[PDB]
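The structure under discussion appears below in the form of structure tokens.
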Amino acid sequence: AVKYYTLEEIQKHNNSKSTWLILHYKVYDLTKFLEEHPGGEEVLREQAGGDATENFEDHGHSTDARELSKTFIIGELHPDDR
Ligand code: HEM
């Protein structure tokens with residue numbers, strides 16, 4: 001199955017409430033992880049509500065972070081959208 005979520009929402013979910021990002025067209029909520037993340041919130045929150053796919057890869061994130069990303073999957077970025 002899929003859950004889907006629209007760019008409308010994904011942009012919106014970006015401000016200390018929910019923080020959503022697109023990593024390979026799947027949609028990833030963190031919000032709590034913002035606390036943990038070595039990269040910090042700000043930078044991530046600013047990539048949030050958009051495609052952070054390239055950026056995520058660019059940083060060369062580890063398997064554990066990748067794994068984490070799987071469990072963070074809430075959603076997908078809608079088809080009408082893309
Ligand atoms: C799915 C959400 C993500 C998770 C689970 C995650 C996890 C992590 C973890 C655990 C580290 C340490 C290095 C590693 O384990 O690879 C890290 C570092 C970092 N991340 Fe992320 N990250 C995520 C998304 C992002 C995104 C989209 C950005 C873009 C803002 C980003 C920017 C950074 C930066 C700047 C560092 C610092 C590199 C260092 O440790 O020196 N991360 N991340």
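Within each chain, counting starts at residue 1; across the structure tokens, chains are named A, B, ... in the order shown, with ligands numbered 1 upward in that order.
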**OP:** Show which residues sit within 8 Å of residue A:20, as number ranges by chain. Count only C-alpha atoms, and ignore same-chain residues fewer than 6 positions away.
**Re:** A: 10-11, 13-14, 27-31, 48-50
**OP:** Could you pull out the residues sitting within 10 Å of ligand 1, using only C-alpha atoms and all ligand atoms, and write them as a ChimeraX atom specification?
**Re:** /A:20-23,27-31,33-34,36-48,50-73
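Between atom CA of residue A:2 and atom CA of residue A:18 the interatomic distance comes to 19.5 Å.
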Subject >> Length of the atom CA of residue A:25 to atom CA of residue A:12 vector [Å] >> reply: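 One can read the atom CA of residue A:25 to atom CA of residue A:12 distance as 16.6 Å.
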Test item, alpha helix (DSSP H) assignment across chain A, answer as an mmCIF file with N, CA, C and O atoms, in the first residue's frame:
data_model
loop_
_atom_site.group_PDB
_atom_site.id
_atom_site.type_symbol
_atom_site.label_atom_id
_atom_site.label_comp_id
_atom_site.auth_asym_id
_atom_site.auth_seq_id
_atom_site.Cartn_x
_atom_site.Cartn_y
_atom_site.Cartn_z
ATOM 1 N N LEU A 7 2.273 17.980 -1.934
ATOM 2 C CA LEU A 7 3.246 19.053 -1.767
ATOM 3 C C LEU A 7 2.662 20.179 -0.899
ATOM 4 O O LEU A 7 3.332 20.678 0.002
ATOM 5 N N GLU A 8 1.376 20.483 -1.103
ATOM 6 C CA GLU A 8 0.540 21.327 -0.250
ATOM 7 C C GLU A 8 0.815 21.080 1.238
ATOM 8 O O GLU A 8 1.094 21.999 2.014
ATOM 9 N N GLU A 9 0.690 19.823 1.654
ATOM 10 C CA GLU A 9 0.977 19.419 3.021
ATOM 11 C C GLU A 9 2.464 19.446 3.300
ATOM 12 O O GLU A 9 2.893 19.892 4.357
ATOM 13 N N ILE A 10 3.267 18.900 2.397
ATOM 14 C CA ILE A 10 4.646 18.648 2.738
ATOM 15 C C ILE A 10 5.364 19.968 3.022
ATOM 16 O O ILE A 10 6.094 20.062 4.006
ATOM 17 N N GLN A 11 5.110 20.998 2.209
ATOM 18 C CA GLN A 11 5.658 22.325 2.447
ATOM 19 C C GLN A 11 5.190 22.847 3.804
ATOM 20 O O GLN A 11 5.959 23.397 4.588
ATOM 21 N N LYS A 12 3.891 22.695 4.051
ATOM 22 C CA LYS A 12 3.212 23.155 5.247
ATOM 23 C C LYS A 12 3.827 22.531 6.512
ATOM 24 O O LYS A 12 4.065 23.221 7.504
ATOM 25 N N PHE A 33 13.312 13.904 15.944
ATOM 26 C CA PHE A 33 14.691 13.561 15.605
ATOM 27 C C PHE A 33 15.533 14.821 15.470
ATOM 28 O O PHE A 33 16.734 14.793 15.682
ATOM 29 N N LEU A 34 14.877 15.927 15.131
ATOM 30 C CA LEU A 34 15.414 17.271 15.116
ATOM 31 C C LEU A 34 16.271 17.548 16.359
ATOM 32 O O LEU A 34 17.320 18.179 16.262
ATOM 33 N N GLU A 35 15.825 17.042 17.513
ATOM 34 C CA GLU A 35 16.535 17.114 18.782
ATOM 35 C C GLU A 35 17.871 16.355 18.729
ATOM 36 O O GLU A 35 18.898 16.843 19.193
ATOM 37 N N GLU A 36 17.820 15.133 18.198
ATOM 38 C CA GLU A 36 18.910 14.162 18.180
ATOM 39 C C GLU A 36 19.970 14.565 17.148
ATOM 40 O O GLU A 36 21.157 14.658 17.452
ATOM 41 N N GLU A 42 17.754 23.432 12.363
ATOM 42 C CA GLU A 42 17.667 24.571 11.443
ATOM 43 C C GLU A 42 17.865 24.193 9.964
ATOM 44 O O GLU A 42 16.922 24.239 9.171
ATOM 45 N N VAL A 43 19.084 23.779 9.608
ATOM 46 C CA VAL A 43 19.461 23.349 8.265
ATOM 47 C C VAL A 43 18.482 22.299 7.713
ATOM 48 O O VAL A 43 17.987 22.408 6.591
ATOM 49 N N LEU A 44 18.166 21.287 8.518
ATOM 50 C CA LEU A 44 17.249 20.214 8.171
ATOM 51 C C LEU A 44 15.824 20.744 8.015
ATOM 52 O O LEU A 44 15.095 20.324 7.121
ATOM 53 N N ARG A 45 15.432 21.692 8.862
ATOM 54 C CA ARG A 45 14.092 22.254 8.892
ATOM 55 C C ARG A 45 13.912 23.101 7.639
ATOM 56 O O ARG A 45 12.822 23.221 7.095
ATOM 57 N N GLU A 46 15.001 23.691 7.165
ATOM 58 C CA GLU A 46 15.006 24.505 5.973
ATOM 59 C C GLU A 46 14.993 23.649 4.697
ATOM 60 O O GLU A 46 14.383 24.036 3.705
ATOM 61 N N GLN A 47 15.632 22.474 4.710
ATOM 62 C CA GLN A 47 15.482 21.495 3.632
ATOM 63 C C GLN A 47 14.122 20.803 3.684
ATOM 64 O O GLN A 47 13.626 20.308 2.673
ATOM 65 N N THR A 53 16.376 14.958 -0.863
ATOM 66 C CA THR A 53 16.936 13.703 -1.330
ATOM 67 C C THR A 53 18.424 13.876 -1.663
ATOM 68 O O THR A 53 19.276 13.195 -1.091
ATOM 69 N N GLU A 54 18.730 14.801 -2.578
ATOM 70 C CA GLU A 54 20.067 15.060 -3.054
ATOM 71 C C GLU A 54 20.924 15.413 -1.854
ATOM 72 O O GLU A 54 21.951 14.796 -1.655
ATOM 73 N N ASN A 55 20.467 16.359 -1.028
ATOM 74 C CA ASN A 55 21.171 16.819 0.164
ATOM 75 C C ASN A 55 21.520 15.663 1.117
ATOM 76 O O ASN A 55 22.647 15.552 1.607
ATOM 77 N N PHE A 56 20.541 14.793 1.387
ATOM 78 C CA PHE A 56 20.739 13.619 2.225
ATOM 79 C C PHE A 56 21.888 12.763 1.686
ATOM 80 O O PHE A 56 22.818 12.425 2.423
ATOM 81 N N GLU A 57 21.828 12.425 0.397
ATOM 82 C CA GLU A 57 22.864 11.638 -0.255
ATOM 83 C C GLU A 57 24.213 12.361 -0.269
ATOM 84 O O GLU A 57 25.256 11.747 -0.064
ATOM 85 N N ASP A 58 24.175 13.669 -0.504
ATOM 86 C CA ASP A 58 25.310 14.569 -0.636
ATOM 87 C C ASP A 58 26.158 14.503 0.634
ATOM 88 O O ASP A 58 27.377 14.348 0.586
ATOM 89 N N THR A 63 24.298 3.906 6.922
ATOM 90 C CA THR A 63 23.227 2.917 6.954
ATOM 91 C C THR A 63 22.274 3.198 8.112
ATOM 92 O O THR A 63 21.085 3.325 7.887
ATOM 93 N N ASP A 64 22.756 3.381 9.337
ATOM 94 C CA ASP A 64 21.903 3.604 10.501
ATOM 95 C C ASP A 64 20.919 4.754 10.256
ATOM 96 O O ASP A 64 19.739 4.648 10.574
ATOM 97 N N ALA A 65 21.392 5.848 9.652
ATOM 98 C CA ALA A 65 20.579 6.995 9.299
ATOM 99 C C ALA A 65 19.577 6.623 8.203
ATOM 100 O O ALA A 65 18.406 6.982 8.265
ATOM 101 N N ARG A 66 20.050 5.904 7.186
ATOM 102 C CA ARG A 66 19.252 5.335 6.104
ATOM 103 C C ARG A 66 18.125 4.438 6.652
ATOM 104 O O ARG A 66 16.951 4.757 6.471
ATOM 105 N N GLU A 67 18.460 3.350 7.345
ATOM 106 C CA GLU A 67 17.573 2.568 8.203
ATOM 107 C C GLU A 67 16.560 3.457 8.945
ATOM 108 O O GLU A 67 15.344 3.304 8.783
ATOM 109 N N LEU A 68 17.052 4.420 9.730
ATOM 110 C CA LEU A 68 16.195 5.373 10.427
ATOM 111 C C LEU A 68 15.179 6.016 9.473
ATOM 112 O O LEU A 68 13.986 6.085 9.757
ATOM 113 N N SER A 69 15.653 6.445 8.306
ATOM 114 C CA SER A 69 14.832 7.045 7.271
ATOM 115 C C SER A 69 13.679 6.114 6.911
ATOM 116 O O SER A 69 12.545 6.565 6.784
ATOM 117 N N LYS A 70 13.940 4.807 6.809
ATOM 118 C CA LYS A 70 12.881 3.851 6.513
ATOM 119 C C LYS A 70 11.779 3.978 7.552
ATOM 120 O O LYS A 70 10.621 4.198 7.211
ATOM 121 N N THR A 71 12.151 3.851 8.825
ATOM 122 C CA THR A 71 11.145 3.911 9.885
ATOM 123 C C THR A 71 10.466 5.294 9.934
ATOM 124 O O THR A 71 9.303 5.403 10.314
ATOM 125 N N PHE A 72 11.161 6.354 9.499
ATOM 126 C CA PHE A 72 10.576 7.687 9.399
ATOM 127 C C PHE A 72 9.585 7.836 8.238
ATOM 128 O O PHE A 72 8.862 8.834 8.202
#
**OP:** List the neighbours of residue A:5 out to 6 Å using only C-alpha atoms; skip same-chain residues closer than 2 positions along the sequence, and give me the result as a PyMOL selection string.
**Re:** chain A and resi 75-78
C-alpha atoms of the current selection, written as a short mmCIF file (atom, residue, chain, number, x, y, z; two decimals), in the first residue's frame:
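Generated file (again.cif):
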data_model
loop_
_atom_site.label_atom_id
_atom_site.label_comp_id
_atom_site.auth_asym_id
_atom_site.auth_seq_id
_atom_site.Cartn_x
_atom_site.Cartn_y
_atom_site.Cartn_z
CA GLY A 75 4.01 9.04 3.40
CA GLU A 76 4.78 9.61 -0.21
CA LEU A 77 4.86 12.79 -2.26
CA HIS A 78 1.65 12.68 -4.28
#
